[PDB]
Every structure is written in structure tokens, then in C-alpha cells.
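> Sequence below, structure please.
(one chain, ligands or ions: 3)
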Amino acid sequence: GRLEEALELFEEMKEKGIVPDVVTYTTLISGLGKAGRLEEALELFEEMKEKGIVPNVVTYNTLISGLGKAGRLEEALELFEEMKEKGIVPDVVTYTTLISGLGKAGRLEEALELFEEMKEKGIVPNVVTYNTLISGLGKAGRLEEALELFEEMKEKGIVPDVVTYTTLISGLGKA
Ligand SMILES: [Mg+2]
Ligand SMILES: [Mg+2]
Ligand SMILES: [Mg+2]
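Residues are numbered from 1 along each chain as shown. Ligands and ions are numbered 1, 2, ... in the order given. Let me share the structure:
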């Protein structure tokens, strides 16, 4: 939790000619993210790329999570495209965050497109992914597609929970 001290040592090591590496940057970017200090995490991320330190999936996940949380979806999507271009493979956490963020932003057609894509890449969606999409479809009156996803999740052995059922029961009832 002691971020201002960690940052002090970080500055100290650079001043002593000890070169930070991907672990150093990751730890700090994560800590900064969790501390609300997203802009500072992003500055460290820029810096690590200038120094030739290559970010990894943990780096991208942390920033995308932070940006998604903050509603900064255009920038979260920029990082997502960048990570795929660098051949850093996104994982279920990356997609969940984006589909959730695009969810909350009511950009539902884009969330469904990412959902399609994650399945093409072999990333297995989880109950959170399905719940977000089914909720979004449910609220838009797109009941038939919500029911297809509900059927799909059961078929894949993802077990629905009470919010999944509520959403659908609500739709069938008031629609
Ligand atoms: Mg920036
Ligand atoms: Mg940029
Ligand atoms: Mg770019």
C-alpha cells in the first residue's frame, strides 16, 4: 500500500543506474491503478515502452481494468488493439472488463462483437460475461437473443445465477 515509498525507490534506482525491468514497472502500475492514480500508471506505461521494456498481459489488464472502471472506454479499446498488435494475447479478464465497460456504457452491439471474438480465439466466457450481455439484451427488449445466450451458457456448463434468471423472468413477464 506504501506507494509513495515504492515510487521513491523507483526514482532512486534509476538515478543509481540500475535499470528497472518489466517486474518493476508492473508492480508500480498495479499499485498506482489500485490507488486510483490511473493517469500516473499510464505515464509509467508510456515510459516503460520508451525504455524498450516490453509490457505483458498483466500490464495491459491492469490499465484496461482501470480505464474501463473509469468509463474511459475509447482509451481502453486503444490499449486492447495495441496489445493484440504486439502479439500479447488477451485473456478472459481483458474481455470481461471490456464487455462490462461497453455494457455499462450501453454500447451493446460492440460488446456482442467482442463476445464473438473471444470465442473465436478460444477464450472461454464466464458467468460474468454472459450475465452482462443477457442483462444488456434484456433491457433492450432483445429477449430472443437473451434466451439464445442463456441456452448457450447452460450448454457450455456455465451455471446461471439469480441475476441471470431475474433478467430473463423480467423480460418474459413484462414483454
Ligand atoms: Mg497517456
Ligand atoms: Mg496512447
Ligand atoms: Mg495505437
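> Around residue 112, count how many other residues there are.
18 (other CB atoms under 10 Å). Yep, even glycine has a C-beta here, placed from its N, CA and C like the rest.
> One more: residue 132?
Residue 132 has 22 neighbouring residues, counting by other CB under 10 Å.
> now the closest residue to it other than its chain neighbours: how far from residue 58?
Leaving aside its chain neighbours, residue 132 sits nearest to residue 103 (4.5 Å; criterion: CB to CB, 6 or more residues apart in numbering). From residue 103 across to residue 58, the span is 23 Å (CB to CB, to the nearest Å).
> neighbour count winner among these two?
A side-by-side neighbour count of residue 103 and residue 58, using other CB under 10 Å, places residue 103 first with 20 against 17.
> element containing that one?
Using DSSP states H and E, residue 103 sits in helix 92-104.
> that older thread, can you pull the contacts of the residue nearest to residue 132?
Taking CB atoms under 8 Å, 6 or more residues apart in numbering, we find residue 103 in contact with 111, 132, 133, 135, 136.
> Looking at those residues, which are in helices?
111, 132, 133, 135, 136 (DSSP state H).
> Columns distance to residue 154 on top of those residues, output as CSV?
Below are these laid out as CSV (distance: CB to CB, whole Å):
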residue, distance to residue 154
111, 20
132, 17
133, 14
135, 17
136, 19
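> Perfect, I'm done here.
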